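Down below is the structure, laid out as structure tokens.
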Ligand SMILES: CC(C)CN(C1([C@@H](O)[C@H](Cc2ccccc2)NC(=O)O[C@H]2CO[C@H]3OCC[C@H]32)CC1)S(=O)(=O)c1ccc(N)cc1
């Protein structure tokens, strides 16, 4: 499919038994989700952008369903204002920018 | 052209006759640039990033070239890790997401 950018490119993801709305974000190295429980070990990380930094928990090898695909990768969890799907997962589902 | 997402989508832009590097950022509503000189009058805008809310300077109807494509629109100037090209200009140059 093709996704226009007149509106925020929001999609529904399934992760850890939960459905969440999230932003397809080419600017993001990493995928970042609002507070939730995830399985396995984690380590703390600081990520920064407009407005400064937030502290997040990094989980690896997390299964996600998005855009009819299943992908696996790292998910950061913390006090982000919006759920963000970053390049680490966008690549796995074959998402590209075109113009 | 097609831009894949295995690396950061950093591209050359031109503004005020000068080349700069900017990140194509589908998760940004607005285009936010590193400190620079722009003509005309500006007004404040409050934006909310990952770290919280901040006020930046809004310049309207500014000429800016992105990947060789000429756009004219709003650019915000404020503290950002990198120049980001947001949806307001991504739409002008006919950029979409595809999978
Ligand atoms: C500023 C960029 C260089 C990096 N950030 C982006 C960016 O797309 C954000 C997403 C976002 C949207 C709404 C609310 C909060 C955040 N947009 C953003 O800041 O856009 C601003 C400009 O337009 C406005 O519209 C959305 C918020 C405003 C790439 C992910 S980040 O800070 O989230 C981030 C930094 C580091 C790591 N490792 C992961 C993420």
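Ignore the peptide's own chain and count Cβ atoms of other chains within 10 Å of each Cβ in A:82-95; give me the average, rounded. Walk me through the intermediate numbers first.
Working: counts 4, 0, 2, 2, 2, 6, 2, 1, 6, 4, 1, 2, 4, 6.
Going residue by residue through A:82-95 and averaging, the value is 3.
Find how many whole Å separate the alpha carbon centroid of segment B:1-36 from the alpha carbon centroid of segment B:69-89.
Each part's Cα centre sits 7 Å from the other's.
Please give the per residue volume of the convex hull enclosing the alpha carbon atoms of chain A, rounded to a whole number of Å³. Kindly include the intermediate steps, with their values, before the conclusion.
Working: hull volume 10.0 nm³, N = 99.
So the per-residue Cα hull volume is 101 Å³.
With an 8 Å cut-off on Cα pairs and a minimum separation of 6 or more residues, tell me the relative contact order of chain B in percent.
Relative contact order, chain B: 33 percent.
Restricting to bridges with both residues inside chain A, how much of the DSSP beta-bridge set is antiparallel, in percent to the nearest 5? Mind showing how you got there, number by number?
Working: 25 of 30 bridges.
Around 85 percent of the beta bridges assigned by DSSP in chain A are antiparallel ones.
For residue A:74 and residue A:14 in the same chain, what is the full-extension length gain: residue separation times 0.36 nm, less their Cα-Cα distance, in nm?
Values: separation 60, 0.36 × 60 = 21.60 nm, distance 1.46 nm.
Working it through step by step, the gained length comes to 20.1 nm.
In peptide B:38-51, how many Cβ atoms from other protein chains are near each Cβ within 10 Å, on average? Mind dumping the intermediate values first?
Values: counts 0, 0, 0, 0, 0, 0, 0, 0, 0, 2, 4, 9, 17, 11.
Partner Cβ neighbours, averaged per residue: 3.
Counting only helical runs of four or more DSSP H residues, what would the 222 nm mean residue ellipticity of the protein assembly as shown come to if each run contributes -39,500 (n - 2.57) and the total is spread over all its residues? Working shown, then result.
Working: 2 runs with 8 residues, N = 198.
My calculation for the protein assembly as shown gives -500 deg cm²/dmol from helical runs alone.
Please pull out the direction-averaged projected area of the protein assembly as shown, using the convex hull of its alpha-carbon atoms, in nm² to one decimal place.
Working: hull surface 41.9 nm².
So the mean shadow area of the Cα hull is 10.5 nm².
For a quick check, take a GNM of chain A with Cα springs below 10 Å and name the residue from A:74, A:31, A:12 with the largest mean-square fluctuation.
Judging by the Gaussian network model, the answer is A:12.
Among A:13, A:50, A:84, which one moves the most in a GNM of chain A with springs linking Cα atoms closer than 10 Å?
A:50
FYI, it's all coordinate maths here, none of it is from the lab. Here Cβ is always computed from backbone atoms with ideal geometry, including for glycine, and neighbour counts include all displayed protein chains.
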